[PDB]
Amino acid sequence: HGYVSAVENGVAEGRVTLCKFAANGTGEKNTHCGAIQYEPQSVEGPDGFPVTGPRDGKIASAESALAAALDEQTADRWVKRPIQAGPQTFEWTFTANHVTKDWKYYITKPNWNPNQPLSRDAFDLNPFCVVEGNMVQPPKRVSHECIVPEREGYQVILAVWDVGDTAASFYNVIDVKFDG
């Protein structure tokens, strides 16, 4: 159980995180998140993305009933956090810091459709950033350096935390805004 945060040096909070915690600087929160807003750490779903894992249209929720609200996808739906290309630090907070296989970060294709539910077609399915967890428990807050690709405007980053001793993973989409 954990979520992408911006308490120490993280660049951008997860979508689900912003249902509970105000964004740095702007103070913005996501709304109408449903029951997951109580527990943004709980976006757990099937292992094996992208070959298996959550099916198209249920990536953002990870097929969680509590988190079904997160699958909505429009231009106006979610709080966007500024980002730039190049080195950036991603952060996780874990309420339950499970033994970890790895963390993987995926970004939307430039011309992804921000008004359709997320699907594999929307993403570059080759992670732009992979951090190994080595089947040990991480600390309860961690930071990951990632080299982020160029994009213009609104892009989504899918952060996947793969638990090392179970057939589950945690899935946190991040709504980001590049310049342009």
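In this text, residue numbers run from 1 along the sequence as written.
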According to the deposited model, is the average Cα temperature factor higher in 50 to 58 or in 120 to 128? 120 to 128
Higher average CA B factor in the deposited record is what I'm after, so tell me if that's 41 to 49 or 23 to 31. 23 to 31
Reading the B-factor column of the entry, which of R81, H98, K101, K104 has the highest value at its C-alpha atom? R81
Taking the C-alpha B-factors as the PDB entry records them, is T166 in the lowest, middle or highest third of its chain? middle
Where does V148 sit by CA temperature factor within its chain: lowest, middle or highest third? highest
Taking only the Cα B-factors deposited for this chain, tell me whether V156 sits in the lowest, middle or highest third. lowest
In terms of its chain's C-alpha B-factors, the third that includes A69 is the middle
Grab the CA temperature factor for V11 from the record and place it in the lowest, middle or highest third of its chain. highest
